[PDB]
Each structure stands twice: as C-alpha cells, then as structure tokens.
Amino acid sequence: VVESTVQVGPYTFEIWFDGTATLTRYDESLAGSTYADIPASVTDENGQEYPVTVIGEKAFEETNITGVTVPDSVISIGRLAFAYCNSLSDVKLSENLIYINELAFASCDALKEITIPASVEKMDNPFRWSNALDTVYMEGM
C-alpha cells in the first residue's frame, strides 16, 4: 500500500508500506536538464528516508531525456519504464539491479550501446528495445 507520494523536482515517488520507494513519474516540464540522475533515496514530510528500489512502469514514457543514471538502490526497472525516449543515448545501470522488465527501453532507437551489470538475473531480450543496438556488453563481477 502507498504510504505517501513525494515530488522531488521532476520526480514523483510512491512510498510503500514495506519501506521502499518507486519512481512513478518523470515530468520533463519540471526538469532542469535532459540528463536524469535518479536519486537513490527519497525523504517524506516527516524526514524519514526511503531507498528508491523500483523505476515504475512507464515512469519515463515518451520523455526527452538524453541520458540516465539508474542508482545502485534500484532492484527492478519496470515495464516500458523508458519507452519511446527517442533522444535517450546514454544509460548507466548499476550493480544491484536484478530485473529489467518487458520493453523497459522500448523504441529507444537512439540507444546504440548498453552494458548489463553482473547482478542482473533476468531481462527482456535487450535487442527488442532499439533498432540501433547492434551489441550488448555484460559487466564481469
């Protein structure tokens, strides 16, 4: 169950009963740049800190981002999280990511390269994401 919704600049987060946060929406009209440096934590109205463990379903859908850092607090990237981000060319994934859900980078056709962290256990076939993604690299543990 959602405990509260917190807005941090262009980011909307939902805080759950289990003490984790999901990044539910990126609002490009509120962003200071096209590089999304996603925070690893979010603080509620009472000063309690929660880790950002999930990039929610369609959170960045159809946004103008050119680059993104997914912090090491994130365990899962949701379905269509970065779908139709037509200018997205630089994706930094971090060691602790376990799951990359279906079509997480659907039609990110400016994405030419991606490196998968050693921690990833299950992902959607990454070659479905971008028409320009010829090769996928895997980080060694």
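Note that residue numbering begins at 1 and tracks the sequence as displayed.
**Q** Select between 28-36 and 94-102 the stretch whose C-alpha atoms have the higher average B-factor in the entry.
**A** Result: 28-36.
**Q** Would you determine, from the values in the PDB entry, which of 79-87 and 43-51 has the greater average C-alpha temperature factor?
**A** Result: 43-51.
**Q** Ranking every modelled residue in this chain by its Cα temperature factor as given in the entry, which third contains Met123?
**A** Within its chain, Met123 is a lowest-third residue by C-alpha B-factor, going by the deposited values.
**Q** If you rank every modelled residue in this chain by C-alpha B factor, which third holds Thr12: lowest, middle or highest?
**A** Tercile = middle for this residue's CA B-factor.
**Q** Hey, what third does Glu57 fall into on Cα B-factor, ranked over its chain?
**A** Lowest third.
**Q** How does the C-alpha B factor of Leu23 compare with the rest of the chain: lowest, middle or highest third?
**A** Within its chain, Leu23 is a lowest-third residue by C-alpha B-factor, going by the deposited values.
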